[PDB]
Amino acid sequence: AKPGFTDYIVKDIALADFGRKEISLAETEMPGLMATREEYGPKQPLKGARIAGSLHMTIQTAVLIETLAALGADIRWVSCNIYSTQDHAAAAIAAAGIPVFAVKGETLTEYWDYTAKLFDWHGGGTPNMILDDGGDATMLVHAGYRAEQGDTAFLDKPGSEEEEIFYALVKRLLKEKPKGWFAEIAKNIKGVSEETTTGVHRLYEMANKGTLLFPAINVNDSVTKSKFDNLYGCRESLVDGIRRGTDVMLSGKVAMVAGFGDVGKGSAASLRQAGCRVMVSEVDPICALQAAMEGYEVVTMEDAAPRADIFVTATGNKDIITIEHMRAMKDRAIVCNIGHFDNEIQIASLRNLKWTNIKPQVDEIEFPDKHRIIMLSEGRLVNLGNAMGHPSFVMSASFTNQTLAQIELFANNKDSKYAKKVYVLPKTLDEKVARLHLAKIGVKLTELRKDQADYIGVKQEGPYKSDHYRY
């Protein structure tokens, strides 16, 4: 009746003006995305692309969405986490006429219903590109394909609440959609670009077994993503989530970080810089040695559980903090997860205990002996759930990579240089991403003279480092 366009689901469409104000502020902080718009504008490399996006529906993501649209893309979007949407960013995208299905605090049932909506393209048909963060859109396609080719038995063996919902979803879509719908989608998708370490792992798995249905670009392992987003982004946004959720004094507290890869390194720095004394656990002896060389005590979770005030899982692995650990923690210890999903902490094992909600994404859990723990975002990503995720400037680097990966797969694969395997962007594009961000922060880069470039075996314009260089 009142709006002509309603092919979207947002919490409050009246937040759109506020969203637009914050998007305009983020654009100033995202020079790489804005420069990418100017450069690729005239040529419309994404004209004819139908991008299904599954990525935290934040203000930063809204700038990415509008960059893809400025390059010619038709778009449908969902968040990849039930607590990470910023409702004013989702309202601004809906108000711009782009189908988005994203609400902060949506349920798991809604989450998966919304993901399925990516694939009913407005006007008929399917997407032809996927932009993924964590692999959930990619997984819907592959599980439904597997089931539709006749291997349905896995849909009846659910191991968790979200598995049950997911398996229910695939069953319902095989019941309601035209026969062969998943192979139709599969044949139409020209590529997937994937943002995060866990999603990328799921892809290399499928690619090794030969089950990956379309080419993929691993955006996580761009240098200007993994060594910036994963590291500096968490260094800024982990303590932001903990402060907004709890308002605790960090000076004087002991924090335990599980994992010392890129996210754990950034998370331990976030906490140490804020005043905590940080301990770390690791299974990888190189990463453990790095933590020790940075001055962190390296201990087991059993050693840390009776002692630390704050626990952060940063592993991408499962069953890091168990009910046994939480039974041993001090009263009102804080527990949260910056890694993945909701199984780094054994949330499901806590569900027979008394939970008291304090405020959105903050709960107090009471044990039989009366000691309590404070749980943030029910064990899901604390920086996006309890605060606002990474700040715009570092997401500009991640999302310039995403945009260039979408151009590669959609526009620069006319010769099948990308087969049904996982690829990374070339170093010349990685360097270009960094170069686009230097002016905003006042870096003055030195130029090699020809004799200096020759001396070290590089061209003046780069690339400056071998493909094996680790930075």
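We call the rigid core the largest set of C-alpha positions that still match within 1.5 Å between the two forms. Quick note: we count residues from 1 along the sequence shown, nothing fancier.
Remark: when the other structures in 4 other deposited structures of this protein are fitted onto this one via the rigid core, 154-162 deviates more than the alternative among 263-271 and 154-162, judged by RMS CA distance. Rigid core superposition in 4 other deposited structures of this protein puts the Cα atoms of one stretch, out of 388-396 and 337-345, farther from the shown form on average, and that stretch is 337-345. Between 257-265 and 212-220, the higher mean Cα B-factor belongs to 212-220. Between 390-398 and 77-85, the higher mean Cα B-factor belongs to 77-85. Ranking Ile374, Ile165, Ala305, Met249 by the C-alpha B-factor listed in the PDB entry places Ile165 at the top. Each of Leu289, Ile320, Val192, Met206 has a CA temperature factor in the record; the biggest one is found at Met206. When the CA B factors of the chain's modelled residues are split into thirds, the value for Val170 lands in the highest one. Per-chain ranking of the deposited C-alpha B factor places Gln60 in the lowest third. Ranked by C-alpha B-factor against the other modelled residues of its chain, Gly339 falls in the lowest third. Ranked against the other modelled residues of its chain, the C-alpha B-factor of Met34 as given in the entry falls in the middle third. For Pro127, the recorded CA temperature factor ranks within the middle third of the chain's modelled residues.
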